[PDB]
Amino acid sequence: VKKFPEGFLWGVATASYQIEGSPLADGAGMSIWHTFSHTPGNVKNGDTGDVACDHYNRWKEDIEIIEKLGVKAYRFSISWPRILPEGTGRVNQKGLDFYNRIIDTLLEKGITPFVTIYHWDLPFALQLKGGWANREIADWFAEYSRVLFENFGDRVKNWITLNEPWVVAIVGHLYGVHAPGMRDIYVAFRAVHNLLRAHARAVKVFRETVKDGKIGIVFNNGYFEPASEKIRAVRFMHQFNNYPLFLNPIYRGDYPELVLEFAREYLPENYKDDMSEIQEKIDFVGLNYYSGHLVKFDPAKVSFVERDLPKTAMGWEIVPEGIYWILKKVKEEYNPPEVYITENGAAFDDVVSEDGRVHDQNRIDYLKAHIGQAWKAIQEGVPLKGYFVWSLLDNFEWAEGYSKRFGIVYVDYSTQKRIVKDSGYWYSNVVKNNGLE
Ligand SMILES: O=C(O)Cc1c[n+]2c([nH]1)[C@H](O)[C@@H](O)[C@H](O)[C@H]2CO
């Protein structure tokens with residue numbers, strides 16, 4: 001058997017825009033994902049988050065699913081423009097009420113809330129003022145975070161400032177594939193820097209407002225392996241695409257060496273002036289992990305090399321040892337006091353069989369392998385306190401729309417029916433047993 005530490009936090013994760021629907025209900029302002037998805041050409045099939053999983057109405061049912069599965073923690077995000085419709089200034093009580101009911105329900109049912117303050121749904125009003133490109137967002141984000149802390153910090157004790165600031169900056173402002181859909185490398189690196197400044201300011205406010213409780217930050221990570229033994233390209237991909245881009249500032253007070261080699265000219269001229277503030281002490285690091293990649297130098301002087309490995313419906317290579325590597329590596333490089341796996345999961349072409357069940361053995365095999373590697377990292381000293389499956393529900397998968405299903409629960413979008421998949425049932429047994437057998 002593979003048993004986890006006593007009180008290890010087994011969880012599931014979601015994000016507001018991906019599951020809620022009703023983006024403009026009850027006085028909410030538009031987000032940048034509302035306007036981006038309503039722009040033709042940006043999202044597969046013209047899909048939007050207008051309805052999604054209708055969690056805005058079905059939240060109680062969904063939480064009852066978490067309870068019934070015996071899952072111990074729920075990672076969810078708060079929609080900034082539901083709380084402050086113009087981004088700063090006015091606070092919307094109906095937006096607070098929505099999350100208040102979720103928080104109280106979770107606590108009543110003995111489920112630990114983990115709140116992501118920002119999972120990509122920036123208020124549109126702030127994007128008109130440059131969004132993450134504007135230095136003033138450190139102030140706007142701090143004011144937003146302070147409202148959440150004042151309203152919920154009595155009950156919610158586990159907070160995450162940002163989900164995947166690399167994705168927000170680079171996919172949103174360089175690749176242009178995510179909101180706000182820009183392609184400018186100078187803007188993208190100023191977003192990187194302002195995301196760090198905003199994170200640190202929010203942590204600073206947290207220490208002033210919520211006497212009890214812990215705050216951290218979540219990074220996307222890939223497992224990069226070299227295509228040959230000629231290695232530096234892997235080095236750069238790790239430092240740029242993984243936690244070091246942000247953790248080197250936080251722990252060491254500067255960007256990683258190979259990031260500066262690539263991107264110095266794109267960063268603000270006096271960016272180091274902000275570094276002492278960026279070193280604000282954090283309580284844990286959240287790592288998201290899904291895929292491994294074979295990488296070679298290619299005259300960012302990096303290209304991916306396709307491997308003949310099992311892949312998910314995203315085309316992502318399944319490399320379970322990657323989750324072990326990233327956990328070992330984070331300890332070795334920055335030694336954070338606590339780590340969580342804040343997302344791990346897979347998209348497959350799920351079908352409801354004639355027997356009414358969703359037989360996703362492929363997803364079971366994926367989760368089991370990665371949970372096994374996480375267990376290993378714990379045996380070797382990594383202070384992993386929890387593990388969150390992405391996602392509770394099939395949902396709006398950003399620019400892929402509804403075409404990619406990551407849930408351990410199937411959603412029939414025609415009826416909003418939830419069908420617990422085989423992977424959901426399997427996971428519930430893992431949680432009940434506190435591990436694998
Ligand atoms: O970017 C990565 O490699 C890691 C990643 C996967 N995912 C995420 N990050 C986001 O946090 C989620 O909102 C997505 O739904 C999910 C699946 O794509």
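In what follows, every heavy atom counts, from backbone to side chain, and hydrogens, waters and symmetry copies are set aside. Position 1 is the first residue of the sequence; numbering continues from there.
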Would you check, one step at a time, whether the test side-chain contact (heavy atoms from CB on, under 4.5 Å) holds for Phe219 with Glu164?
CA-CA 5 Å; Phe219 312 106; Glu164 303 185 344; over 6 Å; no

Does the ring pair (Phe, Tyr, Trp, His ring centres under 6.0 Å) test come out yes or no for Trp132 and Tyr118, once each step is laid out?
CA-CA 12 Å; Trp132 294 106; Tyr118 187 75; 5.1 Å; yes

Just so I know, are the side chains of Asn344 and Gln373 near enough to count as touching, which here means a heavy-atom distance under 4.5 Å?
no

Are the aromatic rings of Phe304 and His293 close, with centres under 6.0 Å apart?
yes

Quick test of your reading of the model: are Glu280 and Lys204 salt-bridged, counting only N-O distances below 4.0 Å?
no

Are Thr342 and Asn163 packed together at the side-chain level, in the sense that at least one heavy-atom pair is separated by less than 4.5 angstrom?
no

Can you confirm whether or not the ring centre of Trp159 sits under 6.0 Å from the ring centre of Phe149?
yes

Side-chain heavy atoms of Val51 within contact of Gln416, under 4.5 Å
yes

Quick check on the 6.0 Å ring-centre criterion: do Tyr243 and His238 meet it?
yes

Taking the six-membered ring for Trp, are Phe189 and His193 closer than 6.0 Å centroid to centroid?
no

Taking the six-membered ring for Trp, is the centroid-to-centroid distance between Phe388 and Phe114 below 6.0 Å?
yes

Give the intermediate values and the outcome of side-chain contact (heavy atoms from CB on, under 4.5 Å) for residues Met237 and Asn242.
CA-CA 7 Å; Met237 292 301 285; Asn242 296 348; over 6 Å; no

Hey, does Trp166 have a side-chain heavy atom less than 4.5 Å from the side chain of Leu245?
yes

Can you tell if the side chain of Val411 reaches within under 4.5 Å of the side chain of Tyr413, non-hydrogen atoms only?
yes

Using the side-chain hydrogen bond (donor to acceptor under 3.5 Å, both in side chains) rule, take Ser77 and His119 through it: C-alpha gap first, then chi angles, then the decisive distance, then the call.
CA-CA 6 Å; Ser77 84; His119 202 132; 4.7 Å; no

May I ask you to say whether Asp54 pairs ionically with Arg58, meaning some side-chain N is under 4.0 Å from a carboxylate O?
yes

Inspect the surroundings of CZ in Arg235 and state if more than 12 heavy atoms from other residues, nucleotides or ligands are less than 6.0 Å away.
yes

Taking the six-membered ring where the residue is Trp, are the ring centres of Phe8 and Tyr387 under 6.0 Å apart?
no

Is it possible for you to check whether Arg405 lies under 6.0 Å from the centre of the six-membered ring of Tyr410, through NZ or CZ, and within 45° of that ring's axis?
yes

Is it the case that the ring center of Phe396 lies less than 6.0 angstrom away from the ring center of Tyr17?
yes

Checking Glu265 against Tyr186 for the side-chain contact (heavy atoms from CB on, under 4.5 Å) test, could you report, in this order, the C-alpha distance in whole Å, the side-chain angles of both residues, the deciding distance, and whether it holds?
CA-CA 8 Å; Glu265 61 198 290; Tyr186 290 75; 4.2 Å; yes

Expected output: side-chain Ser403 to main-chain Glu400 donor-acceptor under 3.5 Å
yes

Exam field: side chain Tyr144 to backbone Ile117, donor-acceptor pair closer than 3.5 Å
yes

Report the residue from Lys385, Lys157, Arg207 that forms a salt bridge (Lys or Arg N to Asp or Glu O under 4.0 Å) with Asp283.
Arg207

Salt bridge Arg418-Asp412, side-chain N to carboxylate O under 4.0 Å:
no

Does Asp184 CG have over 12 foreign heavy atoms under 6.0 Å away?
yes

Name the one of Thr116, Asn158, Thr112, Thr14 that satisfies side chain to side chain donor-acceptor pair (under 3.5 Å) with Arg75?
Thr116

Main-chain N/O of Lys94 paired to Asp26 side chain as donor or acceptor, under 3.5 Å:
no

Residues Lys404, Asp349: salt bridge by 4.0 Å N-O rule:
no

Presence of salt bridge, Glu277 and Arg201, under 4.0 angstrom
no

Ion pair present between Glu64 and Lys60, side-chain N to carboxylate O less than 4.0 angstrom?
yes

Do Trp390 and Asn288 come close enough that some side-chain heavy atom pair is under 4.5 Å?
no

Would you mind reporting whether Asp350 and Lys421 have side-chain heavy atoms less than 4.5 Å apart?
yes

Sole residue of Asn220, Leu327, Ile323 in side-chain contact (heavy atoms from CB on, under 4.5 Å) with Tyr289
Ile323

Does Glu397 form a side-chain contact (heavy atoms from CB on, under 4.5 Å) with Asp47? I'd like the steps, not just the answer.
CA-CA 10 Å; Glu397 180 46 41; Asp47 287 345; over 6 Å; no

Looking at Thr88 and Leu84, would you say the former's side chain and the latter's main chain have a donor-acceptor pair under 3.5 Å?
no

For residues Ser31 and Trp80, determine if any side-chain heavy atom of one lies less than 4.5 Å from a side-chain heavy atom of the other.
no

